[PDB]
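Which chain is which? The protein sequence lines are A and B, in order.
Each position in the first sequence, counted from 1, maps to that position plus 224 in the authors' numbering.
Each position in the second sequence, counted from 1, maps to that position plus 1078 in the authors' numbering.
Note that beta-carbon positions come from the ideal geometry of N, C-alpha and C, so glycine has one too.
These notes are about the structure you will find just below.
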Amino acid sequence: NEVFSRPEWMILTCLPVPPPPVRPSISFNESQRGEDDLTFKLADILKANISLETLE
Amino acid sequence: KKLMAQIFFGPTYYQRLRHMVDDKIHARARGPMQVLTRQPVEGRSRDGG
DNA sequence: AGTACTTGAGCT
RNA sequence: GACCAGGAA
DNA sequence: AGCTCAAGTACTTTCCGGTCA
């Protein structure tokens, strides 16, 4: 569909980052974060992206 | 008055089981909500839906 | 828990 | 709160 | 090399103790 889904868009170049309510930090007491699994996976993605970016 | 029937009647070992009702009974109408889903939390203990 | 489809790999 | 494990009409 | 299959896969309920940042 030329408007809503072109094939090129099956490929990712820009990664939408979901906001905290999707990946909320379940924060026991106060001096202890407790971030959500997705927040980590994104962190990884971010990191992995920076290695590649500086590497080239 | 006498019962018209005769009854089977005697000792029989019975056991008190760990399921007691005031440990079971539960009610809720507005109350603690999950964080992720914002739906009611689970379990009598936690005061769930 | 047995059947589903679908994947997979090996043989002639 | 994830996750694992065990036990009930 | 390709092409056939058997043998490979994941997938198909209401209640009420541990370890993990």
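- Using a C-beta cut-off of 8 Å, the region 225–241 of chain A makes no contact with the region 254–262 of chain A, since fewer than three inter-stretch Cβ pairs fall below that distance.
- Contact note: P248/A reaches chain B through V1113 and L1114, using a C-beta cutoff of 9 Å and chain order.
- Annotated three-state conformation of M1098/B is coil, per DSSP.
- DSSP, reduced to helix, strand and coil, places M1111/B within a strand of the structure shown.
- Fewer than three Cβ pairs drawn from the region 266–276 of chain A and the region 1083–1095 of chain B lie within less than 8 Å of each other, which leaves the two stretches out of contact.
- Closest by C-alpha distance to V241/A, out of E232/A, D268/A and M234/A, is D268/A.
- Residue state for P1118/B is assigned as strand, using DSSP reduced to three classes.
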